[PDB]
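Let's start with one chain on its own, the form deposited in one PDB entry, as structure tokens.
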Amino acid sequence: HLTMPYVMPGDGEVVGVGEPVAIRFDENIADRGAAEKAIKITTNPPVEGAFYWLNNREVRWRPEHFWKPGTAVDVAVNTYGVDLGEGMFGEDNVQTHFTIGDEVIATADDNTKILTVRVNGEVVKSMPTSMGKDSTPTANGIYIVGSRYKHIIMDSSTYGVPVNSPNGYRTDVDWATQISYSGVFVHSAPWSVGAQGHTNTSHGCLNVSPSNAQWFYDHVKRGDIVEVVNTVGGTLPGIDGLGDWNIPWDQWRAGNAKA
């Protein structure tokens, strides 16, 4: 009957303009309204924001538009002793103070097949890319940058497809930056350098050259934005985990505290 919250980003971090505040709980929250009322967010400069639940254990808070660089955010999750419904009580309080770094937006355009990175509006890198093939396309939309990995074993089963099924694989890859919980990554693809900039060959990932993937890993950070445009895919789901900005503000702001 006690629930511990966990807040991200972590205290003291510098994050990109797309990073929502996230509060995760270790038990389903029966009374979302009580949880929301216990969470106090302060911004400087001040900006309006709102809560939206991605699932029964995680609530997110963000503004209507990407954060302004330099904004300082203070989060006080004052859940100690709060009745969160169905006999569960908040076990403790948590907090975080973080800041927003430079505006870094990378756009992957299927019409040009170039991933362009802008920093504070100026083009700093252009990278040829190979996105998802027609049968497994990369969805359009706004993606928040998540974790990064120097090496990972990219395994289709992690994301629902058996490795040993006709469309599964298990492959070692370098310099991977995750942009969706559904398993979309920007990563090094040495075998398809010829196709990059010309033909889509991946299972959904944004495949780029080894040096370009390493650059991305080094210069794109948690909270920065990747926008995908002009593919044959649909749109990334808003409740993906890193797809928050695909929920329009009017829907986000109305929330889902009774759902």
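Residue indices: 1-based, along the sequence shown. Just so we're on the same page, rigid core means the largest C-alpha set that superposes within 1.5 Å between forms.
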On average, are the C-alpha B-factors higher in 121 to 129 or in 104 to 112?
121 to 129
Comparing 237 to 245 with 19 to 27, which has the greater mean CA B-factor as deposited?
19 to 27
Which of these has the highest Cα B-factor in the record: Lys221, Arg60, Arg32, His65?
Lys221
Selection by C-alpha B-factor (highest) of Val77, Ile179, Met88, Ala176
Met88
Select lowest, middle or highest to describe the third in which the CA B-factor of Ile144 falls within its chain in this entry.
lowest
Quick one: classify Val186 as lowest, middle or highest third of the chain based on its Cα B-factor.
lowest
Of the three thirds of the chain ranked by Cα temperature factor, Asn230 occupies the lowest
Temperature factor at the Cα of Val208, chain-ranked in thirds, falls in the lowest
For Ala195, the third of its chain by CA B-factor is the highest
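This protein has a second form, the form deposited in another entry, left out of what is shown; the following refers to that one.
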Displaced position between this form and the one not shown, chosen from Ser147, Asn93, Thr112, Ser165 (C-alpha, 2 Å or more, rigid core)
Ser165
